[PDB]
Amino acid sequence: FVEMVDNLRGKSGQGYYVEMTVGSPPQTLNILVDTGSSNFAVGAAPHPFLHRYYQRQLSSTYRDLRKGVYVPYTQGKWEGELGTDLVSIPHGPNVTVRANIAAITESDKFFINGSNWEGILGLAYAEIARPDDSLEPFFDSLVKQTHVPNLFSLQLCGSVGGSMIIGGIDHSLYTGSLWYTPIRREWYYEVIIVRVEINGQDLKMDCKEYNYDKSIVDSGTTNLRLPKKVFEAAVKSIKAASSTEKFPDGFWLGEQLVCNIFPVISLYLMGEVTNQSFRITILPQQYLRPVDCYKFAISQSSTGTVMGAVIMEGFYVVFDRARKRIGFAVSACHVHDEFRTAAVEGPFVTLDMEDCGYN
Ligand SMILES: Cc1noc(C)c1[C@@H]1C[C@@](C)(c2ccc(F)cc2F)N=C(N)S1
């Protein structure tokens, strides 16, 4: 998978993108890699922010599905026209598939001014695909039409770079062993957090609170998002551990910037075996992001835990769809100092892990 190494690019806070081609003859586009959605949607109109866009008139293999799609988010929205066309990934497997494409004709607060991507690749499951689950996501189409194994892995490195290994695992991209957590449900990449530690000190919360209403792995989100009750207990512990320096309350809420003291954060994830778990540990270098101006990149959430770039940049993450599991291993590219490094450790004994999942 050497040709797939270093196939991700981007700028800080603007996400990670991969080069893709769409149509015949192939039209080159930069496409954001997003494990938190399920639509393959591309700019198809000359929006001022876009370097380029999908021109359906130039493609002889384009097929109109004669259906519109309106996708609103919490922050922004896009509207598109649904169709199918031939899609390939130049720095991926040597294959071409017919995939669903939402041609974006109208948007608000979706594209980033100054970014180098013009589309989004939803890598999650059909259940959260829009308008409904009958619209087959790209990766489902890829696995069905080719002999590409039902697996992909992401190494996101902290302008920015990384690797999306499609159909396999590159062992040079991680150190130590991979540790797997079950995918609870095939919609988002939903996982179960069973324990949270700040500098080794347990938060002592009902583990159901950590997964209210869900916990997901999302490459399209920057922050580690936590449920508000978990966030408040987490921040209080981080404040106590970093009592050497005094910071304004706005900094902790992400309302202001600040220009060894900060604690490590450990998330225990449900293991593959009954009563067995493992832990992933991140550093201040992950959750305190440069904007020297630093932004506290842990925030409160209404939609449950989001393991965004803050988590993913510390680890090599394997999305093992074939076995309904997500693998975590220490990333060979993660940012650390001489005293502390990111870690994946196990096994640990954790009882009543099924009670941690919200129903
Ligand atoms: C859900 C949700 N609610 O508010 C926001 C913002 C989202 C993001 C939606 C999406 C599609 C997204 C990501 C990056 C980007 F640049 C634009 C996007 F639209 N992927 C996610 N994972 S989170």
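These residue numbers are counts, starting from 1, taken along the chain as shown.
Cβ atoms are placed via backbone N, Cα and C, with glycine included.
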Feature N6-acetyllysine (Swiss-Prot), candidate list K229, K295, assigned to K229
From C293, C333, the residue that Swiss-Prot pairs with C157 through a disulfide is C333
Annotated as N6-acetyllysine in Swiss-Prot, from the list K109, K144, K214, is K214
Across 8 unbuilt residues, the C-alpha atoms of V291 and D292 lie a whole number of Å apart, namely 8
Unmodelled stretch of 8 residues flanked by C259 and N260; CA-CA distance (Å, integer) comes out at 16
Recorded positions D218, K229, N275, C356: those with Cβ under 6 Å from an atom of ligand 1 are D218
Counting other CB atoms within 10 Å of each candidate's CB, the least crowded of the disulfide-bonded residues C207, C259, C333 is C259
Candidates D34, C157, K229, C333 (recorded positions); nearest Cα to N94 (N-linked glycosylation site) turns out to be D34
